[PDB]
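**Q** Sequential numbering from 1 applies to the sequence shown in the deposited numbering. The structure under discussion is supplied below as structure tokens; questions concerning it will follow.
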Amino acid sequence: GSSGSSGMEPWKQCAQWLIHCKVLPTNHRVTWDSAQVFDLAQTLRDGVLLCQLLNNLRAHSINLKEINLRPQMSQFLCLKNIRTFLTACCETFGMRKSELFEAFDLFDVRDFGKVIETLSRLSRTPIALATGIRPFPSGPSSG
Numbered sequence: 001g002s003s004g005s006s007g008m009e010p011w012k013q014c015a016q017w018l019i020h021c022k023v024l025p026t027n028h029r030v031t032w033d034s035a036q037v038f039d040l041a042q043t044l045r046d047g048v049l050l051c052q053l054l055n056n057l058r059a060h061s062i063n064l065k066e067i068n069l070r071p072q073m074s075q076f077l078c079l080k081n082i083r084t085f086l087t088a089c090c091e092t093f094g095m096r097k098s099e100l101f102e103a104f105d106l107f108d109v110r111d112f113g114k115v116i117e118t119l120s121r122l123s124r125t126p127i128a129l130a131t132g133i134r135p136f137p138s139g140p141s142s143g
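The following block contains the structure:
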């Protein structure tokens with residue numbers, strides 16, 4: 001249902017943070033205007049990068065070995081990986097379990113927006129800010 005929209009999406013600015021977080025290349029394909037939430041939602045759909053993000057901010061956050069770096073487009077493997085990231089978010093960092101996104105939502109790429117928010121909060125952590133990376137906008141105000 002690709003309908004004409006007006007304004008900046010939360011997935012556009014997100015791309016940046018990722019690059020700075022040492023997870024995506026400065027010349028990645030997600031940085032291209034032609035790109036869309038999907039593109040950025042695909043590179044993670046596997047769940048191989050997500051784990052890295054945390055491993056970048058904090059040390060010993062997620063064991064690369066525990067995750068299938070090479071899922072080879074595997075549903076069973078993929079779904080598993082994603083979960084690993086969701087766990088490390090409460091094991092390594094210790095965030096809420098309700099905020100987290102639904103593994104499926106990401107896999108099937110149903111509601112990506114839900115995943116983007118999950119990161120908006122993490123940034124708050126004393127591990128994400130420490131780096132000094134453009135943190136998320138603090139406040140109830142929408143925008």
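Beta carbons are placed, not taken as given, at the ideal position from N, Cα and C, and that holds for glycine.
(1) Sorry if obvious, but does the Cβ on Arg-70 come closer than 6 Å to a heavy atom of the ligand FMN?
(2) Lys-65 by DSSP, collapsed to three states: which one?
(3) By how many angstroms is the C-alpha of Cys-21 removed from the C-alpha of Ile-133?
(4) Using alpha carbons as the reference points, say which of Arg-124, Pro-137, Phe-112, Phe-93 lies closest to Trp-11.
(5) What span of residues does the alpha helix (DSSP H) with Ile-116 cover, start to end?
(6) Check for me: the alpha helix (DSSP H) holding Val-48 runs from which residue to which?
(7) From the DSSP output, in three-state form, read off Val-23 for me.
(8) Comparing alpha-carbon positions, which option in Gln-42, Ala-88, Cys-14 lies nearest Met-73?
(9) Residue range of the alpha helix (DSSP H) that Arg-45 falls in?
**A** Short version:
(1) The ligand FMN is absent from the structure shown, which contains no ligands of any kind.
(2) coil
(3) 7 Å
(4) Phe-112
(5) 113-122
(6) 48-57
(7) If DSSP states are grouped into helix, strand and coil, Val-23 belongs with coil.
(8) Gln-42
(9) 37-45
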